[PDB]
């Protein structure tokens, strides 16, 4: 009998496996140093661990905040997605019910909540994402507060994982980057770099009928183990393929964002996830819409480069090329139908595309 991912035996095997340490890959950085300058210099191509929250501008409740507290501020009747780790299947249930299980003295099942976005609850005011995320985020910067399309609801997640919880290898939707803060307990990440072959292997693995029977890390050269302890915050870059294991009961907060340093990888991940057709519950809503607003921003910046005679940085110009390629593919008449639903009000795609194309020609010279 083949071992299924998430099963009791798998977890035992996994705990015994040795992995290269995240030491050579994950930078340890003090919160006050994680600046926009730092991101630009290093380019956010590898995860970053911030051992203490000081300097991050991160707002979170004290460690004396419990799952019972989440129930109160979120709402006991609130429906939630619950993952049965051993089956590797998802279901729905009231939060009060999950909480009743969580506090059970003899849990039979291994169940977690890893999709609870609480920006629309009373608990929202208790959590504020790190300053660096707000500075990098496309939605935070370029999506108007008066927009008719609702902003992607991906900014404040509460994760509750019991001991022995496992989340299998995945790339986050939209190739989005993540901040992940452990309030109580600890969370182990197994991190795989999005080198081109690795992404291709991931796509082939995720699309295979027997994928829940195969340990993905067996197929790549390096899978790095990174333990994130209480009070620590991990920043995961675009496109990284990762799984997690929960060694002790864990409560954590996280958010997802897109940014200008990984336009290429963001599109690549999006293309992969579109080919996979997972119809996820964790999909990045209105990813295309965020790209459209980025596109309008770039056109404005280019126009602004003509008033100063100061050219845009090369990564933006390249970002423009990649986005403009997307806009074209999304609006070819053979395509409109499904993609038009994400177009913001008052956008004229064929004009934007032509204006961006011209501006890029001029920038190149």
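Numbering follows the first chain given and starts at 1. Throughout, rigid core stands for the largest set of C-alpha atoms superposing within 1.5 Å between the two forms.
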(message) Superpose by the rigid core and compare 336-344 with 311-319; which one moves more, by C-alpha RMS, in 5 other deposited structures of this protein?
(response) 336-344
(request) Please work out whether 91-99 or 271-279 has the higher root mean square C-alpha deviation in 5 other deposited structures of this protein relative to the shown form, with the rigid core as fitting region? (result) 271-279
(message) Comparing average C-alpha B factors as deposited, tell me which of 8-16 and 341-349 sits higher.
(response) 8-16
(request) Between 113-121 and 188-196, name whichever shows the higher mean Cα B factor according to the PDB entry. (result) 113-121
(message) Checking the record values for 153, 222, 256, 92, which has the greatest CA B factor?
(response) 92
(request) For the C-alpha B-factor as written in the entry, point me to the maximum among 305, 45, 68, 324. (result) 305
(request) Tell me, lowest, middle or highest third: where does the Cα B factor of residue 143 rank within its chain? (result) middle
(request) Going by the recorded CA B-factors, say which third of the chain residue 295 sits in, lowest, middle or highest. (result) middle
(message) Considering every modelled residue of the chain and its Cα B-factor in the PDB entry, is residue 281 in the lowest, middle or highest third?
(response) highest
(request) Quick one: classify residue 213 as lowest, middle or highest third of the chain based on its Cα B-factor. (result) highest
(request) Classify residue 287 as lowest, middle or highest third according to the C-alpha B-factor given in the PDB entry, relative to its own chain. (result) lowest
